[PDB]
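Overview (structure and organization)
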Amino acid sequence: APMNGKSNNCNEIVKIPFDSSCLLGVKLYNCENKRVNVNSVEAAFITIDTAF
Amino acid sequence: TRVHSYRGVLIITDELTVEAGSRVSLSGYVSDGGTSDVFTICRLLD
């Protein structure tokens, strides 16, 4: 999850087995190119399109 | 013969000392960013 914006090519498709229960791991890279702690952010929302 | 005695005061000697201690506690960690204001995505340009 680069905060600056990432070879563009074509983005790969994340494949979760239907059913089961995956754990989405989002890593906050600060906006030079560095990992940053999950600070400031007090609310994070996943908003998969027209699903939930 | 008299045998007559006398009387004194109660004199006592003692050495008193009270002591204490000290300990310094520190808690730190490598910086991984820091609590910032207006944490938003950005697009730098030169």
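Residues numbered from 1 in each chain as written, not as in the entry; some residues may be left out. Chains lettered and ligands numbered in written order. Part of a larger assembly, values for the part shown. Heavy atoms only, no water. Residues with missing side-chain atoms left out of burial classes, pairs and counts.

- In the PDB header, cryo-EM is given as the technique by which the entry was determined, and 3.4 Å as its resolution.

**With respect to the overall build of chain A**
- Looking only at helices and strands, chain A has zero helices and two strands in total.
- Each principal axis of the C-alpha atoms in chain A carries an extent, and together these give about 35 × 35 × 20 Å. (Helix = DSSP H or I, 4+ residues; strand = E, 2+ residues; numbered from the N terminus.)

**Considering the overall build of chain B**
- Check the secondary structure of chain B and you find zero helices and zero strands.
- The principal-axis extents of the C-alpha atoms in chain B amount to approximately 120 × 20 × 15 Å.

**Side note on the side chain of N39(A)**
- Tracing the backbone through its elements, the reader meets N39(A) in the segment after β2 (34-35).
- Within the local environment of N39(A), its side chain forms a polar contact with the side chain of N37(A), the two groups lying 2.6 Å apart.
- Setting aside residues up to four positions removed in sequence, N39(A) forms contacts with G33(B), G34(B), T35(B), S36(B) and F39(B). (Polar contact = N/O pair within 3.5 Å; in protein donor to acceptor, adjacent residues only side chain to side chain. Contact = heavy atoms within 4.5 Å.)

**With respect to the interface of chain A and chain B**
- Residue-level contacts link eleven residues of chain A with eleven residues of chain B.
- When the residues that make up the side of chain A that touches chain B are grouped by side-chain class, the tally is five nonpolar, five polar and one charged. (Nonpolar A, V, L, I, M, F, W, Y, C, P; charged D, E, K, R; others polar.)

**Details of unusual backbone geometry**
- A positive phi angle, near 65°, is found at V3(B), a position not held by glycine.
- Even without a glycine there, the phi angle at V38(B) is positive, about 60°.

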